[PDB]
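**Q** Structure in structure tokens, see below.
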Amino acid sequence: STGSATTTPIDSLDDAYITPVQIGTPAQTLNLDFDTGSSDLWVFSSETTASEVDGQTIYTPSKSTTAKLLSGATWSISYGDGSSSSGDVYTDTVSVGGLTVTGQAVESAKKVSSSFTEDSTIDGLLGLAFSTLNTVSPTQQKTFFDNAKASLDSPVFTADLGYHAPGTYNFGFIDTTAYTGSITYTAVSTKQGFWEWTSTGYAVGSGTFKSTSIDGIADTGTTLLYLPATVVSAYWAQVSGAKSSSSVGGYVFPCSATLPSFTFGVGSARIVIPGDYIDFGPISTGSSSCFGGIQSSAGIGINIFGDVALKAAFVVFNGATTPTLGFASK
Ligand SMILES: CCOc1cccc(C(=N)N)c1
Ligand SMILES: CCOc1cccc(C(=N)N)c1
Ligand SMILES: CCOc1cccc(C(=N)N)c1
């Protein structure tokens, strides 16, 4: 089997992407944030505290003929940005892009934090990291990908995120029309539950490539590219008037700047992030200070190849017995 779904930016800045997901019988379609840095499939629901729902589409398990309470099971997640949610758990039929899993754990939110309430466009999360990170207790649950794997034509999914435009998540096959050149594969460590890999270095603009190992995670559910302070300083030093602002919470730069590209290494291959991908717009409406898309990972404890980086590539998440990542230009 395979599946193929379009993923769409939630706003003009590509702050996240939403992918329609069918849950239950008859189908209830919710728009989920596919997150390769978490392992929970959770949704706004008929159980979510009413004052915490503001425009989301909710899952109502009582309207699904296939919804089964996973009795006793609870979940609670805390994300890197400080946001959170928690609740109880139903198993139900879940389909993505024509690929169906029966008996998927669907984590129903009873509570969500303010960041989630205030984002009307995201109806929940679909985690695609390793199932060792799933938060369901007392019986940990599998991701949609782990449950689908055995049925897929190939044990893979691919992320092809758009730059100010829609893109695609495919399951079970690699669309050889969707990228240019060849795919370079690199080793993955699953020790922390993430798609963790080591970049071979970086370049800023037209500058020389610096060969240096950068451990980090391929994380579709993070907007920005978080790298070591040395690398980030070297990038922003090439932008006149850029500075790190403790008041704003990262590097800002004059909106009248043209940003240099950023290259990262994947083995002997190179992925080039165009400068305009690193523009995340005025810090507040009408400001002439713009927010940077490359930020320091100092204090986060891991480097994150988030959407700024991933949207410059066709990315293969190879879930074979020995997992690997692949990157191609596009
Ligand atoms: C406290 C949450 O910490 C992280 C760290 C790394 C990834 C993610 C994620 N869900 N994409 C969340
Ligand atoms: C790791 C993914 O963290 C997310 C994703 C999408 C939305 C939010 C939020 N704060 N409302 C947080
Ligand atoms: C370019 C001329 O004026 C603007 C104004 C505001 C933001 C930006 C930007 N760099 N995102 C550019």
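Going through the structure tokens in order, the chains are called A, B, and so on, while each chain numbers its residues from 1 and the ligands are numbered from 1 in the order shown.
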Identify, on the basis of only C-alpha atoms, every residue whose closest approach to residue 316 (chain A) does not exceed 9 Å; exclude the query and any residue fewer than 2 positions from it along the same chain; express the result as a PDB file with C-alpha atoms, in the first residue's frame.

**A**
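Result saved to result02.pdb:
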```pdb
ATOM      1  CA  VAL A 156       9.505   4.867   4.110  1.00  0.00           C
ATOM      2  CA  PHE A 157       7.782   8.201   4.141  1.00  0.00           C
ATOM      3  CA  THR A 158       8.921  11.367   2.410  1.00  0.00           C
ATOM      4  CA  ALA A 159       8.523  15.049   3.211  1.00  0.00           C
ATOM      5  CA  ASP A 160       8.437  17.542   0.391  1.00  0.00           C
ATOM      6  CA  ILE A 174       9.768   7.503  -3.233  1.00  0.00           C
ATOM      7  CA  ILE A 183      19.250  11.191  -2.958  1.00  0.00           C
ATOM      8  CA  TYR A 185      21.454   8.855   2.466  1.00  0.00           C
ATOM      9  CA  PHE A 314      13.156  16.265  -0.757  1.00  0.00           C
ATOM     10  CA  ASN A 318      13.687   5.443   5.774  1.00  0.00           C
ATOM     11  CA  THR A 324      18.420   6.249   7.465  1.00  0.00           C
ATOM     12  CA  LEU A 325      17.585   9.761   6.173  1.00  0.00           C
ATOM     13  CA  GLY A 326      17.913  10.779   2.561  1.00  0.00           C
ATOM     14  CA  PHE A 327      18.176  14.293   1.152  1.00  0.00           C
ATOM     15  CA  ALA A 328      17.886  15.429  -2.435  1.00  0.00           C
TER      16      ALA A 328
END
```

**Q** With a distance cut-off of 12 Å and only C-alpha atoms, select the neighbouring residues of residue 28 (chain A), excluding the residue or stretch itself and same-chain residues fewer than 6 positions from it, and output the selection as a list in words.

**A**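 Final neighbour list, sorted by chain and number: residues 20, 21, 22, 43, 44, 45, 57, 58, 59, 60, 61, 62, 63, 64, 65, 66, 67, 92, 93, 94, 95, 96 and 123 of chain A.
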
**Q** Please produce an output containing C-alpha atoms for each residue in the selection, written as a compact mmCIF listing (two decimals), in the first residue's frame.

**A**
```txt
# COMPACT_ATOMS: atom_id res chain seq x y z
CA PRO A 20 -5.87 16.47 6.11
CA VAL A 21 -6.37 13.21 8.02
CA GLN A 22 -9.49 11.03 8.05
CA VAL A 43 -6.58 15.83 18.29
CA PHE A 44 -8.97 18.46 19.45
CA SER A 45 -12.04 16.58 20.43
CA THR A 57 -12.39 21.05 13.95
CA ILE A 58 -12.91 18.41 16.66
CA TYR A 59 -12.93 14.63 16.63
CA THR A 60 -16.11 13.18 18.22
CA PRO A 61 -15.49 9.54 19.01
CA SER A 62 -19.16 8.95 19.92
CA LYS A 63 -20.02 9.60 16.23
CA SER A 64 -17.51 6.98 14.97
CA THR A 65 -18.72 3.41 14.69
CA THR A 66 -15.11 2.27 14.86
CA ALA A 67 -14.06 4.43 17.92
CA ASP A 92 -9.95 4.19 15.56
CA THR A 93 -9.38 3.92 11.83
CA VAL A 94 -7.05 6.64 10.52
CA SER A 95 -6.34 7.34 6.86
CA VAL A 96 -3.76 9.63 5.32
CA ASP A 123 -6.65 20.50 14.77
```

**Q** Can you tell me which residues come within 10 Å of ligand 3 when counting only C-alpha atoms and all ligand atoms, ideally as a list in words?

**A** residues 13, 253, 254, 255, 256, 257, 258, 259, 276, 278, 279, 280, 281, 282, 283, 285, 286, 287, 288, 289, 290, 291 and 292 of chain A

**Q** DSSP on the backbone: what in region 83-163 of chain A comes out strand (DSSP E), as a ChimeraX atom specification?

**A** /A:84-96,99-112,124-127,156-160

**Q** Could you please take those selected residues and save N, CA and C atoms as an mmCIF file, in the first residue's frame?

**A**
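Contents of out-v3.cif, as written:
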```cif
data_model
loop_
_atom_site.group_PDB
_atom_site.id
_atom_site.type_symbol
_atom_site.label_atom_id
_atom_site.label_comp_id
_atom_site.auth_asym_id
_atom_site.auth_seq_id
_atom_site.Cartn_x
_atom_site.Cartn_y
_atom_site.Cartn_z
ATOM 1 N N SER A 84 1.569 22.596 25.410
ATOM 2 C CA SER A 84 1.268 21.265 25.956
ATOM 3 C C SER A 84 -0.164 20.920 25.682
ATOM 4 N N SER A 85 -0.407 19.623 25.879
ATOM 5 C CA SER A 85 -1.748 19.064 25.775
ATOM 6 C C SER A 85 -1.764 17.704 26.495
ATOM 7 N N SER A 86 -2.971 17.274 26.829
ATOM 8 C CA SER A 86 -3.137 15.992 27.522
ATOM 9 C C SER A 86 -4.541 15.490 27.395
ATOM 10 N N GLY A 87 -4.748 14.209 27.682
ATOM 11 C CA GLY A 87 -6.083 13.641 27.624
ATOM 12 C C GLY A 87 -6.100 12.156 27.753
ATOM 13 N N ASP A 88 -7.172 11.607 27.155
ATOM 14 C CA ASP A 88 -7.480 10.150 27.095
ATOM 15 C C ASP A 88 -7.342 9.634 25.662
ATOM 16 N N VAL A 89 -7.682 8.374 25.411
ATOM 17 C CA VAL A 89 -7.230 7.721 24.163
ATOM 18 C C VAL A 89 -8.321 6.813 23.647
ATOM 19 N N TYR A 90 -8.639 6.960 22.368
ATOM 20 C CA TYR A 90 -9.509 6.024 21.615
ATOM 21 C C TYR A 90 -8.691 5.316 20.553
ATOM 22 N N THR A 91 -9.005 4.088 20.212
ATOM 23 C CA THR A 91 -8.435 3.538 18.975
ATOM 24 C C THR A 91 -9.474 3.694 17.880
ATOM 25 N N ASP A 92 -9.009 4.003 16.682
ATOM 26 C CA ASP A 92 -9.953 4.194 15.562
ATOM 27 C C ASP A 92 -9.191 3.984 14.263
ATOM 28 N N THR A 93 -9.933 3.994 13.171
ATOM 29 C CA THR A 93 -9.377 3.918 11.835
ATOM 30 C C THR A 93 -8.888 5.282 11.403
ATOM 31 N N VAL A 94 -7.669 5.365 10.940
ATOM 32 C CA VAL A 94 -7.047 6.636 10.520
ATOM 33 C C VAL A 94 -6.523 6.422 9.115
ATOM 34 N N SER A 95 -6.838 7.382 8.235
ATOM 35 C CA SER A 95 -6.343 7.342 6.856
ATOM 36 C C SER A 95 -5.644 8.625 6.500
ATOM 37 N N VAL A 96 -4.530 8.497 5.828
ATOM 38 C CA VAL A 96 -3.759 9.628 5.319
ATOM 39 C C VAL A 96 -3.524 9.425 3.866
ATOM 40 N N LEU A 99 -4.019 5.910 2.566
ATOM 41 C CA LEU A 99 -3.412 4.811 3.344
ATOM 42 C C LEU A 99 -4.140 4.689 4.657
ATOM 43 N N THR A 100 -4.696 3.532 4.956
ATOM 44 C CA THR A 100 -5.526 3.328 6.152
ATOM 45 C C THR A 100 -4.852 2.420 7.141
ATOM 46 N N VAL A 101 -4.907 2.852 8.375
ATOM 47 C CA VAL A 101 -4.504 2.053 9.558
ATOM 48 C C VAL A 101 -5.715 1.816 10.426
ATOM 49 N N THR A 102 -5.970 0.573 10.765
ATOM 50 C CA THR A 102 -6.985 0.260 11.753
ATOM 51 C C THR A 102 -6.358 0.139 13.140
ATOM 52 N N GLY A 103 -7.119 0.485 14.146
ATOM 53 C CA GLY A 103 -6.635 0.343 15.521
ATOM 54 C C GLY A 103 -5.578 1.372 15.859
ATOM 55 N N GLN A 104 -5.495 2.509 15.203
ATOM 56 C CA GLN A 104 -4.543 3.557 15.552
ATOM 57 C C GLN A 104 -4.954 4.207 16.848
ATOM 58 N N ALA A 105 -3.999 4.461 17.725
ATOM 59 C CA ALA A 105 -4.256 5.267 18.911
ATOM 60 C C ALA A 105 -4.462 6.723 18.513
ATOM 61 N N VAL A 106 -5.615 7.227 18.827
ATOM 62 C CA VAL A 106 -6.009 8.635 18.602
ATOM 63 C C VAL A 106 -6.156 9.255 19.978
ATOM 64 N N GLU A 107 -5.236 10.136 20.309
ATOM 65 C CA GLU A 107 -5.155 10.718 21.657
ATOM 66 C C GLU A 107 -6.067 11.923 21.667
ATOM 67 N N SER A 108 -7.113 11.876 22.419
ATOM 68 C CA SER A 108 -8.157 12.901 22.499
ATOM 69 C C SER A 108 -7.800 13.929 23.543
ATOM 70 N N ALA A 109 -7.644 15.191 23.201
ATOM 71 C CA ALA A 109 -7.265 16.202 24.186
ATOM 72 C C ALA A 109 -8.440 16.539 25.090
ATOM 73 N N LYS A 110 -8.176 16.501 26.374
ATOM 74 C CA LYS A 110 -9.052 17.110 27.385
ATOM 75 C C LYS A 110 -8.574 18.526 27.641
ATOM 76 N N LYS A 111 -7.295 18.791 27.578
ATOM 77 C CA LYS A 111 -6.717 20.114 27.857
ATOM 78 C C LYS A 111 -5.692 20.405 26.775
ATOM 79 N N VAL A 112 -5.654 21.662 26.360
ATOM 80 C CA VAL A 112 -4.592 22.174 25.476
ATOM 81 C C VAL A 112 -4.129 23.527 26.045
ATOM 82 N N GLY A 124 -4.671 19.356 15.559
ATOM 83 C CA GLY A 124 -3.903 18.375 16.329
ATOM 84 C C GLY A 124 -2.637 18.035 15.606
ATOM 85 N N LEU A 125 -1.982 16.995 16.116
ATOM 86 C CA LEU A 125 -0.621 16.624 15.721
ATOM 87 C C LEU A 125 -0.638 15.183 15.257
ATOM 88 N N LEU A 126 0.229 14.865 14.310
ATOM 89 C CA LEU A 126 0.477 13.474 13.944
ATOM 90 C C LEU A 126 1.971 13.244 14.004
ATOM 91 N N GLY A 127 2.407 12.556 15.054
ATOM 92 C CA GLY A 127 3.827 12.336 15.288
ATOM 93 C C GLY A 127 4.398 11.258 14.403
ATOM 94 N N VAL A 156 8.990 3.513 4.241
ATOM 95 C CA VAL A 156 9.505 4.867 4.110
ATOM 96 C C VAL A 156 8.368 5.843 4.138
ATOM 97 N N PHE A 157 8.654 7.085 4.495
ATOM 98 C CA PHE A 157 7.782 8.201 4.141
ATOM 99 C C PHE A 157 8.676 9.326 3.688
ATOM 100 N N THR A 158 8.152 10.259 2.933
ATOM 101 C CA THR A 158 8.921 11.367 2.410
ATOM 102 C C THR A 158 8.199 12.664 2.727
ATOM 103 N N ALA A 159 8.984 13.690 2.983
ATOM 104 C CA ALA A 159 8.523 15.049 3.211
ATOM 105 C C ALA A 159 9.029 15.923 2.126
ATOM 106 N N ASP A 160 8.121 16.627 1.459
ATOM 107 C CA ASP A 160 8.437 17.542 0.391
ATOM 108 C C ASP A 160 7.713 18.823 0.668
#
```

**Q** If you count only C-alpha atoms, which residues fall within 7 Å of region 224-236 of chain A, apart from same-chain ones fewer than 5 positions away, as number ranges by chain?

**A** A: 204, 242, 293-298, 303-309

**Q** Restricting the output to C-alpha atoms, write the selected residues as a short mmCIF file (atom, residue, chain, number, x, y, z; two decimals), in the first residue's frame.

**A**
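Here's the written file again-v2.cif:
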```cif
data_model
loop_
_atom_site.label_atom_id
_atom_site.label_comp_id
_atom_site.auth_asym_id
_atom_site.auth_seq_id
_atom_site.Cartn_x
_atom_site.Cartn_y
_atom_site.Cartn_z
CA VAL A 204 27.19 30.98 4.29
CA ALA A 242 21.62 41.89 12.13
CA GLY A 293 14.91 31.82 10.23
CA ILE A 294 18.31 30.55 11.50
CA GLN A 295 18.57 30.76 15.30
CA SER A 296 20.89 29.43 17.98
CA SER A 297 20.23 26.03 19.50
CA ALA A 298 22.00 27.14 22.74
CA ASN A 303 20.29 21.17 16.88
CA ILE A 304 17.05 21.13 14.86
CA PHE A 305 16.80 20.94 11.09
CA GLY A 306 13.27 22.31 11.03
CA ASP A 307 11.11 23.41 8.14
CA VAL A 308 13.50 26.19 6.99
CA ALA A 309 16.02 23.49 6.16
#
```

**Q** How would you write, as a compact mmCIF listing (two decimals) with N, CA, C and O atoms, in the first residue's frame, the set of residues no farther than 7 Å from ligand 1 when counting only C-alpha atoms and all ligand atoms?

**A**
```
# COMPACT_ATOMS: atom_id res chain seq x y z
N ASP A 35 4.53 15.84 12.45
CA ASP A 35 5.67 16.26 13.29
C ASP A 35 6.68 15.12 13.42
O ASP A 35 6.47 14.25 14.28
N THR A 36 7.76 15.15 12.65
CA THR A 36 8.79 14.12 12.75
C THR A 36 9.63 14.23 14.01
O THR A 36 10.51 13.38 14.17
N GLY A 37 9.34 15.18 14.89
CA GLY A 37 9.97 15.34 16.21
C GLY A 37 9.07 15.00 17.39
O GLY A 37 9.45 15.27 18.53
N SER A 38 7.95 14.33 17.18
CA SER A 38 7.15 13.77 18.28
C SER A 38 6.46 12.51 17.77
O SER A 38 6.53 12.22 16.59
N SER A 78 4.71 17.72 26.46
CA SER A 78 5.32 19.07 26.57
C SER A 78 6.25 19.25 25.37
O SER A 78 7.13 18.41 25.21
N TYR A 79 6.04 20.28 24.55
CA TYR A 79 6.87 20.52 23.34
C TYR A 79 7.99 21.52 23.66
O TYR A 79 7.92 22.23 24.67
N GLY A 80 9.01 21.55 22.79
CA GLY A 80 10.22 22.37 22.94
C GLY A 80 9.92 23.85 23.06
O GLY A 80 10.74 24.58 23.66
N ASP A 81 8.78 24.30 22.51
CA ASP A 81 8.36 25.73 22.54
C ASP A 81 7.56 26.04 23.81
O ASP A 81 7.09 27.19 23.92
N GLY A 82 7.36 25.07 24.70
CA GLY A 82 6.69 25.27 25.99
C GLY A 82 5.21 24.90 25.97
O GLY A 82 4.59 24.92 27.04
N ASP A 219 13.21 17.61 11.84
CA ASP A 219 11.95 17.85 12.60
C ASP A 219 10.93 18.74 11.86
O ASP A 219 10.97 20.00 12.02
N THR A 220 10.00 18.12 11.12
CA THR A 220 8.99 18.84 10.37
C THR A 220 8.10 19.70 11.23
O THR A 220 7.41 20.60 10.73
N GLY A 221 8.00 19.43 12.52
CA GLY A 221 7.12 20.20 13.41
C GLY A 221 7.82 21.37 14.08
O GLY A 221 7.23 21.98 14.99
N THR A 222 9.01 21.72 13.63
CA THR A 222 9.69 22.96 14.07
C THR A 222 9.81 23.88 12.87
O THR A 222 10.10 23.44 11.74
```

**Q** Grab the CA of residue 9 (chain A) to CA of residue 24 (chain A) distance for me, in Å with one decimal place.

**A** 24.9 Å

**Q** Smallest atom-to-atom distance to ligand 2: which of A:190, A:182, A:115, A:199, using only C-alpha atoms and all ligand atoms?

**A**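 Distance minimum relative to ligand 2 lands on A:115.
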
**Q** One decimal, in Å: what's the spacing between CA of residue 311 (chain A) and CA of residue 218 (chain A)?

**A**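 Straight-line distance from CA of residue 311 (chain A) to CA of residue 218 (chain A) works out to 11.1 Å.
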
**Q** Contacts of residue 198 (chain A) at 10 Å or less, counting only C-alpha atoms, minus same-chain residues fewer than 4 places along, as a PyMOL selection string?

**A** chain A and resi 186-189+212-217+265-267+303

**Q** Got time to write the residues from that selection, N, CA and C atoms, as a compact mmCIF listing (two decimals), in the first residue's frame?

**A**
```txt
# COMPACT_ATOMS: atom_id res chain seq x y z
N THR A 186 22.11 9.14 4.76
CA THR A 186 22.99 9.36 5.92
C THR A 186 22.43 8.59 7.08
N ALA A 187 23.32 8.20 7.98
CA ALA A 187 22.95 7.35 9.11
C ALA A 187 22.08 8.10 10.12
N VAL A 188 21.23 7.33 10.76
CA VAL A 188 20.34 7.84 11.81
C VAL A 188 20.65 7.14 13.12
N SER A 189 20.67 7.88 14.19
CA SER A 189 20.62 7.32 15.54
C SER A 189 19.20 7.43 16.05
N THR A 212 32.55 20.26 9.28
CA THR A 212 32.41 20.17 10.72
C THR A 212 31.17 19.34 10.99
N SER A 213 31.20 18.44 11.92
CA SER A 213 30.05 17.57 12.25
C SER A 213 29.04 18.33 13.04
N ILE A 214 27.78 18.32 12.62
CA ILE A 214 26.68 18.95 13.36
C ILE A 214 25.62 17.91 13.57
N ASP A 215 25.56 17.36 14.76
CA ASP A 215 24.48 16.43 15.13
C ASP A 215 23.19 17.25 15.16
N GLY A 216 22.07 16.68 14.71
CA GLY A 216 20.79 17.32 14.88
C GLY A 216 19.68 16.42 14.46
N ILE A 217 18.46 16.94 14.51
CA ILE A 217 17.25 16.13 14.22
C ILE A 217 16.50 16.73 13.04
N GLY A 265 25.68 20.37 4.72
CA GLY A 265 26.19 19.14 4.12
C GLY A 265 25.43 17.92 4.57
N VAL A 266 25.23 17.01 3.58
CA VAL A 266 24.69 15.68 3.82
C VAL A 266 25.67 14.74 3.14
N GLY A 267 26.52 14.12 3.96
CA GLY A 267 27.68 13.39 3.38
C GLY A 267 28.43 14.35 2.48
N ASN A 303 20.40 20.43 18.15
CA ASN A 303 20.29 21.17 16.88
C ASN A 303 19.08 20.62 16.15
```

**Q** Closest to ligand 2 among A:223, A:192, A:2, A:74, using only C-alpha atoms and all ligand atoms?

**A**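 Between A:223, A:192, A:2, A:74, the residue approaching ligand 2 most closely is A:223.
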
**Q** Region 148-231 of chain A: which residues are alpha helix (DSSP H) by DSSP, as a PDB file with C-alpha atoms, in the first residue's frame?

**A**
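Listing of out-v7.pdb after writing:
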```
ATOM      1  CA  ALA A 148       1.367   1.275   8.589  1.00  0.00           C
ATOM      2  CA  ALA A 229      25.885  29.571  18.199  1.00  0.00           C
ATOM      3  CA  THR A 230      29.159  29.631  16.272  1.00  0.00           C
ATOM      4  CA  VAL A 231      27.413  28.704  13.003  1.00  0.00           C
TER       5      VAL A 231
END
```

**Q** Given only C-alpha atoms and all ligand atoms as the basis, pick out the residue of A:247, A:140, A:121, A:83 nearest to ligand 2.

**A**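 So, comparing all the options, the nearest one is A:83.
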
**Q** Restricting the calculation to only C-alpha atoms: of A:323, A:113, A:169, A:274, which residue gets closest to residue 49 (chain A)?

**A**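 Of A:323, A:113, A:169, A:274, the one nearest residue 49 (chain A) is A:113, counting only C-alpha atoms.
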
**Q** Need the shell around residue 203 (chain A): protein/DNA/RNA residues with any atom at most 8 Å away, counting only C-alpha atoms. Skip same-chain ones fewer than 5 positions apart. Format as a list in words?

**A**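 The residues satisfying every condition are residues 208, 209, 210, 262, 263 and 264 of chain A.
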
**Q** I need the chosen residues saved as a CSV table (one decimal), in the first residue's frame, with N, CA, C and O atoms.

**A**
```csv
chain,number,residue,atom,x,y,z
A,208,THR,N,33.2,29.7,1.6
A,208,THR,CA,33.8,28.4,1.6
A,208,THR,C,33.0,27.5,2.5
A,208,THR,O,32.6,27.9,3.6
A,209,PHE,N,33.0,26.3,2.2
A,209,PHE,CA,32.3,25.2,3.0
A,209,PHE,C,33.2,24.9,4.2
A,209,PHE,O,34.4,24.6,4.0
A,210,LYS,N,32.6,24.9,5.3
A,210,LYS,CA,33.3,24.5,6.6
A,210,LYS,C,32.9,23.1,6.9
A,210,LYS,O,31.7,22.8,7.2
A,262,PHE,N,22.2,29.7,2.8
A,262,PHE,CA,22.8,28.8,3.8
A,262,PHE,C,22.9,27.4,3.3
A,262,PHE,O,21.9,26.9,2.9
A,263,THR,N,24.1,26.9,3.2
A,263,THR,CA,24.3,25.5,2.7
A,263,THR,C,24.5,24.6,3.9
A,263,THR,O,25.4,24.9,4.7
A,264,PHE,N,23.9,23.4,3.9
A,264,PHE,CA,24.3,22.4,4.9
A,264,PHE,C,24.7,21.1,4.1
A,264,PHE,O,24.3,20.8,3.0
```
